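# A look at the structure
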Amino acid sequence: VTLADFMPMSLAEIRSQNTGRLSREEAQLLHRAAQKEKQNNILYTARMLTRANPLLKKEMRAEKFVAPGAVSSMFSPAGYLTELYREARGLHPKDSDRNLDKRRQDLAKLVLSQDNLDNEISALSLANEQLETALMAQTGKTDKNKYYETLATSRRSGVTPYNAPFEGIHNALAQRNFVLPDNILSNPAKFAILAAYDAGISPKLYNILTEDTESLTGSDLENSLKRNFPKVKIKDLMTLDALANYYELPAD
Amino acid sequence: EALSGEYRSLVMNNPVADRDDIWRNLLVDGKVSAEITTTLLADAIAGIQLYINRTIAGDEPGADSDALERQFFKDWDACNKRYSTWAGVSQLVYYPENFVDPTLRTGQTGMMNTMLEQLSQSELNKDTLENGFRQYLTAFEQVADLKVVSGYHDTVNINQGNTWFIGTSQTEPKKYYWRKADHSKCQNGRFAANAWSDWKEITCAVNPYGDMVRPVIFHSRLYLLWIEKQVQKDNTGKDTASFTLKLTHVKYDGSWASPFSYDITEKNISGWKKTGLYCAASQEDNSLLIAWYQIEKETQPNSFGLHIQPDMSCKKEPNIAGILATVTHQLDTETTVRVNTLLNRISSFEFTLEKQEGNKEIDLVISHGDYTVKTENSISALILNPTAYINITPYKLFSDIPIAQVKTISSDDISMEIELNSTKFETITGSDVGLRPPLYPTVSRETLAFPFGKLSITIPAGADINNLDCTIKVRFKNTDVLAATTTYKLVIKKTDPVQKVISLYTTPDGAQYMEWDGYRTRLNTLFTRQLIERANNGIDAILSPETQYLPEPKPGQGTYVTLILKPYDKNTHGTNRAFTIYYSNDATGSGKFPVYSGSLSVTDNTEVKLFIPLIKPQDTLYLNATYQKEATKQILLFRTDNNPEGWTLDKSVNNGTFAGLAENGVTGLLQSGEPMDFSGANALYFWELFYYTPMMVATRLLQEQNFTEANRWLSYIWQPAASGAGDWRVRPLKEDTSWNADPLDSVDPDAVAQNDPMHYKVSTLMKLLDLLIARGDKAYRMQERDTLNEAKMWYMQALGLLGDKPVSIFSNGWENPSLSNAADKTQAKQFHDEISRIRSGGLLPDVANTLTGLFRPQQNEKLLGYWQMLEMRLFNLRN
Amino acid sequence: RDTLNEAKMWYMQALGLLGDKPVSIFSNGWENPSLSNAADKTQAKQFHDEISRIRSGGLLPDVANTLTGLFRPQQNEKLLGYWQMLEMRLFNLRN
Amino acid sequence: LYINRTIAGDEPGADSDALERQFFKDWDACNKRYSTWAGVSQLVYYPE
Amino acid sequence: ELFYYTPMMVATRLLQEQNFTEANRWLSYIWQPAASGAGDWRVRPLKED
Amino acid sequence: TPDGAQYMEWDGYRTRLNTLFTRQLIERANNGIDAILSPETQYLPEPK
Amino acid sequence: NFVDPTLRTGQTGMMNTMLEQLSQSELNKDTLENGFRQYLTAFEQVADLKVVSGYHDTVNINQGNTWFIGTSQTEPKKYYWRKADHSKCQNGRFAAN
Amino acid sequence: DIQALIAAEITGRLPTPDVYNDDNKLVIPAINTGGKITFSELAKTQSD
Amino acid sequence: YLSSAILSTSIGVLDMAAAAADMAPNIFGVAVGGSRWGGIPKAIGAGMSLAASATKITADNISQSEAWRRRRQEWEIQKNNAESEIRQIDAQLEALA
Amino acid sequence: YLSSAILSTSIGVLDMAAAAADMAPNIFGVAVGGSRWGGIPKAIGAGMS
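Let me sum up the structure you'll find in this document.

## Digging into the overall build of chain G
What chain G contains, in helices and strands, is 2 helices and 5 strands. Start at the N end of chain G and walk to the C end: the helices and strands fall as α-α-β-β-β-β-β. At 18 Å, chain G has a C-alpha radius of gyration far larger than the 13 Å of a compact globule built from 97 residues. The principal-axis extents of the C-alpha atoms in chain G amount to approximately 55 × 45 × 15 Å. Partitioning the intrachain contacts of chain G with sequence separation of at least 6 by distance along the chain shows that 16% fall at a separation of at least 24.

Here you go:
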């Protein structure tokens, strides 16, 4: 109890707290006592656990041993993750935005199980879920397909005017080696839009690339910059790193 | 891609930012393809590992620096960074036998190494393997013949520090060696076996006279020193003798320097008789006070002194008769030999840590680094630590260039002002240090330093030095906007701890012992004088367990007492299940020495054996016991004759009962020869001879496939008995004897196995399993029929060693916890609280559910590999 | 698999040491000079005159345009090789 | 199999004095297998 | 030599023959990353150029 | 100088020839390589 | 780009004889500590050197060279020699080369 | 292979698809220390 | 090689006894003396050099045994090559049948 | 091999101390002397070899 709390703390942690109470030498003596008591306690439990070894059962606390690879083990990845989260969750203060508990609200909620340790999931799908659960919480909508419908028209990045239905059409229809504007069954007066869908262009992106932005002066220029760039500062976008990252192409 | 863009378009409010910034900020990699799959806990592990690496390299500002100066993060990169090297290090405490190696051991002596050199060839017949063992036994005889000549204790309190010894060999000429005895592992007067260094040969040529050799420590370097006599002849018909002091020392690579020379003889030492020298360090005016002195029944009628600088130049002291009068409890007599300690500071300093701290945001911590006095003044050396952390108000908090305070220049900011008895002297770091600790690292809790290099404070004027040199205060002052001062009181005073004598003796039948405060410690051993008759019969008689039961004489005058104690009572033992047990002389009130401490047991008598020495010059003795209830009464042990064994059986008028022994039997008096000790000073050599040499030869014959001789060498240690239990032929494996008190100060499975020798049992059993599976595979590859039945009987013998395959439970009391719930700080505090309670025997366990905490222990994966290996071999046999 | 995540965390630590990849300018104040104009003796005399002035602290710089003369300094090719090497390793990791 | 199980302690009740015998003291080296029984017993009758 | 070139020689000698976890220790006698963004140089004339 | 250092004294200058680092490494080096290459060893003083 | 921690001009004999001993393949902690302690022994010996006497080259002591003779702290003594180049000595301050 | 069956019967979903269907009762196992299986049963009142 | 190493280590005892016997004076009479004051360090140096020669001999012994073990491993590889080639030629004979 | 090299270098110290001890005379009395004037170059040659 007394020296048990001072075991995970460092010397600078012990000296950091109770500055008026503890001196500089007493903190060092207390640190040495706590570390040696931690060593002797773990030697004591290793001495009681090595008596249950099946090569010594003829010469004889055998409560519970688990298999290698079980989630209950002290050498499991669950135990490593518990050690790691316990040493990690106090590095930044709880006010800070760089704290582990604030930037990831799924780790304190996270359950340790044999299923979580064994089952394989797609890491990309987990990244997608991690972004969806933040974006839908920002917009307040709880539905998923309603959010992709309101994402179908939006222009607020260089990657945003896309339709997941249209990308599904384009991928499935190009996987048949099928070419839309080269049919016998088409309107020849609608070859342009059909070829734009053939190259693969969302209809909102077609409405972007359709605009007569050249020779456009007055307040309509301000309206067009407000529409085609809703969220960015244009003065922040002028640099080359912003134009590389905003449209997701390399700066070279 | 689209969601990653729209995130910082909306959440981060910075669409300029990189996509890799979402992996730096959000700890989930985004540009991964759709085919890379992971488990969920491994993705959380990789995310928190990325978080630790980015906050340990400075890419995450605002981190707690004190949490990063921690043994988890100080050992991050070597051990804790990866799952593999976390598991492989954490298993090294619980399963050392997976990583033990009978070939490579830390602390392995030169004899074992030069035997392993000779067994490293391929053809290992009986002749090579016997000649190597006889050469090893020769070297073992030489290091066991060593009688300790003289010594030097490090510090002044002999409960602490170190003790170097100088041991000579039983040859002509003599080969002087040296050990080191670490008193920091010496509790209750009982050295742990790792508190001893090995012997190590002093390679220089040393030719003393009158057995005058003393080691001495000068700034943590062993110096050897002796007086060499040279027989000469005068120009006339007479013949003189020139005496010469010599002084060598170790170098860093273990070599020994060339000895120096100093002319001694001035008309008096040639006329002395039976004389001897004295050498010791000095904490004041650092030198080596060398002193050779005439002997009588009383010490030192005449003496002559000499100082040795770090320049190693002579400096003749004109008076040591005033000096040795303060030392003469360490100087020898005509019949005693006394190991010396360093000379004391004539004045010792003390510092009162507080009067008034002033402003409490900065702790204002000084630390008195060095402190001496010169011939006329008192010098000091100081460093100064402020806090200098966050929430200095108001804020920006943008940038610092190293209405508000002075964020800029910290010139002349801190200043020490010692007060003398009437005057004062204010120095300042603007007058000292051009090195200027900047407030940037502005990130919180970063503390600073202010070193004062060798502040020589002049001058104590008109003070009685040192009678009433209690001088009033010593004060520093950090003067800045919002900074303060705190002051300290020197408590300096001359001291003299009088006559804490430490000495060497030899009993007339062979043994030696170092006799200090209330204890004796056997230095040498007489096993080498009695192996000589056993070893003529061969290796089979050397490694027999009757050789390990060989006696050894008792050190000096003293008695053995073996005490049987009652099982635990809540009433008469207090609440503590542990105990400690003392003895004294005893003119009552003269203090009593702790000779043993231990944890008494429930439902079982505990038998504790002792050796109570006779130091005090009806030679009485008395014994006590201390419980949580109270302390016990004394029990007399006298003798009427000079017979050594007799110490009257349950002696006079006092009843002879502590209230905790609960027997009519106390005695244990007789058998002067105790058995040989494998926890004493000579422990490593005995453990090598009786365990590590058969282990090395057995693992060396398992390699290169000499199985029928490897099984013989494994049968020197373990041999199966008619009962179900095995018969252990190495004594401390039959009597499980810890010989390493502090194993976790280094990364080695050997020390952990030395703390609990059951891992040596499991190492031996795993080597025998390796042997049996290797013999079975050699018989299996000879694919004929009778040799296949041979293979089956070998694998069935290996399964007989292993036994019943342990069924791994899966239906368990393991709930599926939250990671927040699994990593609570209370969950480790309560764990170590309960184990630290039960280890001291604070009371009984509640009865006995959670001995491991949250995470259950697992089986050894190597042994389970043996199970699956034998099952596959025998399945292929049966088909 | 876990050793591939180990590989990714090591290469990300190396990228953390290097930092931000320096964008090589191409639109520049570099005119296209004549080789007669590029190799004038006055063009090195004035260069070493100005640097020998500022090294002795003869006065302040005018403020600070041409510290290298006519030819601009270049990045270290070995370090740019580390950039491309880490980028290729991490591209193979992400696929 | 019977000799190995009664020499290793897996058969309780064995006569210990019969196990302290030169047939069983030299069990593992010589007498355990047919090959190293025959090859040792022939060494007296055919040393050449 | 003692404070820079000997750890450099041992570190580049352990990078060869692939003793990485000891090579990083010998490189950590000279350079070691700090809590601030700047590195911490443990050889004095590299801290004081 | 009587505490150990040497210096060549010419026209208006002095130049320290030797050093006393070797008399004070001896206590630091017993603790090992980690105490030798520590930056506190590099801050070690030297007489004027 | 062209520095080599193995090969340096002006590299002392102590560094060379340490690099000899670290040129094997098996570099455990024991080899790599014994080589460092032997290096530190040689470093101690070249740092113990007190200068006995000297000889200046020219007559103007602002120019020329100065040879020195330094003895070791052993018995017998091992005399060594340096050279102090005054052509790199401005303001009474020798450069380290 | 029988321990996996008993484990999947207590904590998994076996017998598939419906359990609890012997006179509104149920018997579920509970193993301990690797060498015993103890039982505990369920019942209910008559709603619906 | 092992006998040579043991001869080269069992020799410093008697080489030390030589220097022990040299310490007594041998010129007697009026002129007295003749001891060899450096004989014992010469004996310890001969012991060190001779132990160095012995450990170099046993290092060469270990090197020969390891070279022979690698030779046997190469023979095992060549044996398994020819032994698989027999099985391949036998299957090829069965295909020809 | 490395231990043999270190034994073959840690030996000239003591071989030099031998020649140091030889410099003192050993024939005393009326006839005086017996020093070994070439002992120190023999020691330095043994050290070099």
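## Let's talk about the overall build of chain D
In terms of regular secondary structure, chain D is built from 5 helices and 0 strands. Order of helices (α) and strands (β) in chain D, N terminus to C terminus: α-α-α-α-α. In terms of overall dimensions, chain D has C-alpha extents of about 45 × 20 × 10 Å along its principal axes. The buried share of chain D, reckoned over its 48 residues, is 23%. Accessible surface, chain D: about 3800 Å² in total, of which carbon and sulfur atoms supply 55%.

## Things to note about the interface of chain G and chain J
Taken together, the contact between chain G and chain J spans 5 residues of the former and 5 residues of the latter. The contact between chain G and chain J buries some 450 Å² in all, and 75% of this surface belongs to carbon and sulfur atoms. In terms of surface lost to chain J, no three residues of chain G exceed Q21, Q38 and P76 of chain G, which account for 65% of the buried area on that side. At the boundary of chain G with chain J, the tally comes to 0 salt bridges. Where chain G touches chain J, the interface holds 0 residue pairs in polar contact. Taken together, the residues of the side of chain G that touches chain J sort by class into 1 nonpolar, 4 polar and no charged.

## What about the sheet that holds strand β22 (residues 452-457) of chain B?
Residue and element names in this part refer to chain B. Strand order in this open sheet of 3 strands is β18-β19-β22, and the pairing throughout is antiparallel. Two strands lie at the open edges of the sheet, namely β18 (365-373) and β22, each paired on one side alone. Adjacent strand axes in the sheet meet at a mean angle of 25° when their direction is disregarded. Judged from the 8 bridges that link them, β18 and strand β19 (residues 378-385) form a sheet pairing that is antiparallel. Its bridge partner lying in β19, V365 is registered against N385.

## Things to note about a nonpolar patch on the surface
Residues and elements named next belong to chain A. On the surface, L221, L225, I234 and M238 cluster together to form a nonpolar patch covering roughly 340 Å² of accessible area. For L225, the location among the structural elements is in helix α11 (residues 219-228). Classification of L225 as partly exposed rests on a relative accessible area of 30%.

## Some thoughts on a positive patch on the surface
On the surface, a cluster of positive charge is made up of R36 and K42 of chain I together with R36 and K42 of chain J. For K42 of chain J, the location among the structural elements is in helix α3 (residues 39-48).

## A word on the state of the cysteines
Tallied over the full model, the rule gives 0 disulfides over all chains. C314 of chain B takes part in no disulfide bond, and the closest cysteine sulfur to it belongs to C279 of chain B, at a distance of 15 Å.

## Let's talk about the interface of chain B and chain A
Taken together, the contacts link 125 residues of chain B with 115 residues of chain A. Considering each element in turn, the side of chain B that touches chain A owes the most residues, 10 residues, to helix α3 (residues 40-56) of chain B. Both strand β1 (residues 120-122) of chain A and strand β1 (residues 37-39) of chain B contribute to a ladder of 3 bridges, which runs antiparallel. Pairing of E120 of chain A across the sheet is with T39 of chain B, part of β1 of chain B.

## Re unusual backbone geometry
With omega at 0°, the peptide bond leading from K396 of chain B into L397 of chain B counts as cis. Note on placement: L397 of chain B falls in the loop between β19 and β20 (414-419). Cis rather than trans, the peptide bond between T16 of chain H and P17 of chain H has omega equal to -10°. Take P17 of chain H: it is sitting in the loop between α1 (2-10) and β1 (26-32). Positive phi outside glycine occurs at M312 of chain B, with the angle close to 60°. Here the phi dihedral of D48 of chain H falls at roughly 60°; this positive angle occurs in a residue that is not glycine. Checked against the element boundaries, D48 of chain H lands in the segment after β2 (36-42).

## Focus: the nonpolar core
Nonpolar side chains in soluble globular proteins tend to be buried together. All names here are of chain B. If you look at the biggest cluster of nonpolar residues, it comprises 95 residues, and the most contacted ones within it are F140, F527 and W713. Per element, the largest residue contribution to this core is 15 residues, and it comes from helix α13 (residues 683-702). In contact with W713, not counting residues within four places along its chain, are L129, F133, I539, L543, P694, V697, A698 and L701.

## Quick word on the packing of helix α3 (residues 77-88) of chain A against α3 of chain B
Taken N-terminus to C-terminus, the directions of α3 of chain A and α3 of chain B make an angle of 30°; their axes are 10 Å apart at the nearest point. Pair α3 of chain A / α3 of chain B crosses with left-handed handedness. Counted together, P77, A78, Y80, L81, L84, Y85 and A88 of chain A of α3 of chain A and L41, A44, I45, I48, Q49, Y51 and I52 of chain B of α3 of chain B form the full contact between these two elements.

## What about the arrangement of the chains?
Here 18 pairs of chains make contact, and the pair sharing the most contacts is chains A and B. Between chain F and chain H there is no contact, and the shortest C-alpha to C-alpha separation is 48 Å.

## Some points on the packing of aromatic side chains
By the definition in use, this model includes 52 aromatic pairs over all chains. Measuring from centroid to centroid gives 5.2 Å for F23 of chain D and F24 of chain D, while their planes differ by 85°, and the two rings are edge-to-face. Using a relative accessible area of 17% as the deciding quantity, one classes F24 of chain D as buried. An aromatic cluster of at least three residues, connected via ring pairs, comprises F140, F527, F678, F686, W687, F690, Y691, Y692, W739 and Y760 of chain B.

## Examining helix α1 (residues 2-18) of chain C
Residues and elements named next belong to chain C. When the terminal C-alpha atoms of α1 are compared, their 25 Å separation across 17 residues agrees well with the 24 Å that a helix rising 1.5 Å per residue should span. What α1 keeps buried is the set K8, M9, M12 and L15. When α1 is viewed along its axis, its buried side chains cluster within an angular range of 120° and face the same direction. Exposed residues lying more than 90 degrees from the buried face of α1 are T3 and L17. Phi turns positive one or two residues past the end of α1, at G19, with a value near 105°.

## Focus: the pattern of salt bridges
Counted by the stated rule, this structure contains 43 salt bridges over all chains. A salt bridge links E248 of chain A to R19 of chain B; the nearest nitrogen and oxygen atoms lie 3.3 Å apart. Here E248 of chain A is found in the segment after α13 (240-246), whereas its partner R19 of chain B is found in the loop between α1 (2-10) and α2 (20-26) on a different chain. The buried category is assigned to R19 of chain B, whose relative accessible area is 11%. Here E60 of chain B and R54 of chain B are joined by a salt bridge, their closest N and O atoms 3.4 Å apart. On the accessibility criterion, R54 of chain B (11% relative accessible area) is buried. Counted as one network, the salt bridges with shared partners bring together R98 and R103 of chain A together with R54, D59 and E60 of chain B.

## Focus: the sheet that holds strand β4 (residues 177-182) of chain B
Residue and element names in this part refer to chain B. Spatially, 4 strands are ordered β2-β3-β4-β7 in an open sheet, and the strand pairing comes out antiparallel. Each having just a single partner strand, β2 (147-153) and β7 (200-201) make up the two edges of the open sheet. Pairing between β2 and strand β3 (residues 162-168): 6 bridges, direction antiparallel. Across the sheet, the residue bridging to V148 is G167, located in β3.

## Digging into the environment of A192 of chain A
Residues and elements named next belong to chain A. Inspection of the secondary structure puts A192 in helix α9 (residues 191-199). Of the residues examined, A192 reaches a relative accessible area of 54% and is grouped as exposed. The spatial distance from the C-alpha of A192 to the C-alpha of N223 is 27 Å, given a sequence separation of 31 residues.

Definitions and limits used
Residues numbered from 1 in each chain as written, not as in the entry; some residues may be left out. Chains lettered and ligands numbered in written order. Part of a larger assembly, values for the part shown. Heavy atoms only, no water. Residues with missing side-chain atoms left out of burial classes, pairs and counts. Helix = DSSP H or I, 4+ residues; strand = E, 2+ residues; numbered from the N terminus. Rg over C-alpha atoms; globule rule 2.2 N^0.38 Å. Contact = heavy atoms within 4.5 Å. Buried < 20%, exposed > 50% of the residue type's maximum accessible area, 1.4 Å probe, protein only. Areas by Shrake-Rupley, 256 points an atom, 1.4 Å probe, with all protein chains shown as cover. Buried area = accessible area lost by both parts, 1.4 Å probe. Salt bridge = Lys/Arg side-chain N within 4 Å of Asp/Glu carboxyl O. Polar contact = N/O pair within 3.5 Å; in protein donor to acceptor, adjacent residues only side chain to side chain. Nonpolar A, V, L, I, M, F, W, Y, C, P; charged D, E, K, R; others polar. Pairing = 2+ DSSP bridges. Axes fitted to C-alpha atoms, helices over the stretch in contact; angles between N-to-C directions. Patch = residues over 30% accessible without salt bridge, like charges linked within 9 Å, V, L, I, M, F, W, Y side chains within 5 Å. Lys, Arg positive; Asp, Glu negative; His and termini not counted. Charge placed at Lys NZ, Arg CZ, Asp CG, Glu CD. Disulfide = S-S within 2.5 Å. Core = buried A, V, L, I, M, F, W, Y, C linked by side-chain atoms within 4.5 Å. Left-handed = near helix turned anticlockwise from the far one by under 90°. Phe/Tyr/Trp six-rings, centres within 6.5 Å; stacked < 30°, edge-to-face > 60°. Expected span 1.5 Å × (residues − 1). Arc of directions from axis to C-beta.

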